[PDB]
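Next up, C-alpha cells for two forms of one chain, structure 1 and then structure 2.
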Structure 1
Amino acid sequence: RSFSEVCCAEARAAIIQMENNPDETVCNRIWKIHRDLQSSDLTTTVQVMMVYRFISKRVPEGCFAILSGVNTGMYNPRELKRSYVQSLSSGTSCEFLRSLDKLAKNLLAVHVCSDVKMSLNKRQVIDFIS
C-alpha cells in the first residue's frame, strides 16, 4: 500500500505531499505547520508526525510539545512501549493499537517517533495511522 490510502482525511494532503517529495526541508515545513496548527485534533498531527518520521528519518522537532495541553499522567510510556513491542513479536500489533484509547495511542506514537532506538518500517507506520 501507501500512507495516503489509509490515513485520516485531515492528514491526507500533508501526507501525500511528503510521500511525493521526501525533501527534508519541505517535509519539515509540513511537520512544523501541522505541529503548530490552529485548532487541529491530536490524532491528525500524530499521523503527519509518524509519516514525517518515516520519510525524513529524523525525530520530529517539538513532538513532545503537542502533549502539553493534555494529562498523560495516567499513562506509563515505558509500559506502553513494552506492550507495543511485545505485540509486534506476536503479530498482534494491529489488535493492540486498536484496543488502546485515543490518547494512549497518540502518546505511544510520540514516544516511538522520538525513540532513536526504534525505527518503524512501513507496515508498522501503516498499522499506526490506520
Structure 2
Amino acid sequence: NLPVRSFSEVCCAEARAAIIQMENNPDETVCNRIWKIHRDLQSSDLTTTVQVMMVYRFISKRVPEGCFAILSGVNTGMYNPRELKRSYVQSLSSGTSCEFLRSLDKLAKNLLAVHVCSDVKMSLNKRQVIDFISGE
C-alpha cells in the first residue's frame, strides 16, 4: 500500500537532472548516452555519478559501459570488494540492506556500487536501489 518514491525524489540534487531524464524516457540508447556523459564528467563527483549509475543499471537492466573508470580518482586497495559484495548480497536476501549499508563509509559504498552494477546477475528491486541512494 506504500508508494514507491521515484529515484528523482530521493537522489542528490546534482544527480537529479540525469535521473529525471532516464526515468522519463527509459529508452536504452537515450539512457546509455546520459550514463556515458555523467561517467566521463569530472564535474559530477563520485557519489553523484554512482547514483546516476545505479539508476541507469536498474532502468536499462544492463551493465553500465565502462563504469569502473569512475574509480580513477580514488585509491581502493584498502577494501576487499568481493567480500563487501558477498555481504551485501546476503543483506538483500534477508531484507536488511539498509542496516548493512551503515557499515560502509562513503568510498566503500561507492566502490560497492560499481561492483554491483558490473554484475549482470544482481537484480535489485526499486526499493533496494532507493535504500542504497538515500543511504548516501
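Rigid core (definition): largest C-alpha set, two forms, superposition within 1.5 Å. Along the sequence of structure 1, residues get numbers from 1 upward.
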property: Displaced position between structures 1 and 2, chosen from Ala104, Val59, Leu88, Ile55 (C-alpha, 2 Å or more, rigid core); result: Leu88
property: Angstrom shift of the Cα atom of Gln38 between structures 1 and 2 (superposition on rigid core); result: 3.2
property: Shift in Å of the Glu79 Cα between structures 1 and 2 [rigid core superposition]; result: 1.1
property: Core superposition result - C-alpha of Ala14, shift between structures 1 and 2, Å; result: 0.4
